[PDB]
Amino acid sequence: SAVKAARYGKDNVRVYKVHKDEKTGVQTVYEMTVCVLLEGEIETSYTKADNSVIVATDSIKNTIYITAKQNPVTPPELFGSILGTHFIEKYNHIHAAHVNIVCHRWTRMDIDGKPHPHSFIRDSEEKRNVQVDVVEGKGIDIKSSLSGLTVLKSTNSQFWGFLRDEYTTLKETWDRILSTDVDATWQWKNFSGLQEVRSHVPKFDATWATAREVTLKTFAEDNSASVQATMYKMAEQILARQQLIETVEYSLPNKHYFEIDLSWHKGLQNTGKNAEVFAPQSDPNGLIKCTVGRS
């Protein structure tokens, strides 16, 4: 036998950073969870017990805090690229660094209609993430994403005209609830290295904001023919608005809300046009995916 693939490092490294503006007194916090896995000429640690090749995972954890101390942690696309570049430049035998970052929301509180200088609220478990793969000789590949964006519309969703055969019981509908947790990922064209990533820094936050805005607007305004049709409209718009994106991927659960027939109880009417009370279903759930790219 032989090692066909190997990667190792530190996962779940929680990091917080505060920036303090001495002029204004305003403080801004950033909190993230970071994973860094390395690849390179490390097979012998597995096959020969040769630890000489191992940059200890504890050392990777130290490096993450040090890098956060010496560099900006925002946008995460930049931080991730700096962190990945560090490992492949620092260590001759390490040839790829894979950096995943999950950013947690700390939104400045408004107290009495004015932004507070140093207090924050976690407004939702929605995350902004990046995956950065820094590979020696092959540049920097970045996938950015939002996830945990949970939405619901109570009408203007339809689902009819689907295949019907001896396995089908679902009724066609022209008015249903649609609810999902949005996972959207946009993949950047490959960057030659850190200098190029730095040159595009303003695009990272702008594109994240555009992706979120397009998602929310389209979800709210599309009179939806299906999850499929609505997510395609979202991805289409993101690609149109940022030329440095190569592909947009969406993964959307269909979180079902079922009508409850109550007519068995005093002829109570609670279905179709009369449906007011529904039973949210924890499982199963539809799962709909698509990756959209350029013609």
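We number the residues from 1 along the sequence you see.
Q: Given the B-factors recorded for C-alpha atoms, which segment has the greater mean, 145-153 or 90-98?
A: Averaged over C-alpha atoms, the B-factors run higher in 90-98.
Q: Do the C-alpha atoms of 235-243 or of 26-34 have the higher average B factor in the entry?
A: Looking at the record's C-alpha B-factors, the answer is 235-243.
Q: Based on what the PDB entry reports, which of 183, 222, 133, 126 has the top C-alpha B-factor?
A: Out of 183, 222, 133, 126, the record gives the largest C-alpha B-factor to 222.
Q: Residue 196: which third of its chain by C-alpha temperature factor?
A: Ranked within chain, residue 196 CA B lands in the middle tercile.
Q: Once the chain's modelled residues are ordered by C-alpha B factor and cut into thirds, is residue 179 in the lowest, middle or highest one?
A: It falls in the bottom third of the chain.
Q: Mind checking which third residue 276 falls in for C-alpha B-factor across the chain?
A: Middle third, going by the recorded CA B-factors of the chain.
Q: Tell me, lowest, middle or highest third: where does the Cα B factor of residue 55 rank within its chain?
A: Ranked within chain, residue 55 CA B lands in the middle tercile.
Q: Based on the entry's values, in what third of the chain does the Cα temperature factor of residue 112 lie: lowest, middle or highest?
A: Top third by C-alpha B-factor.
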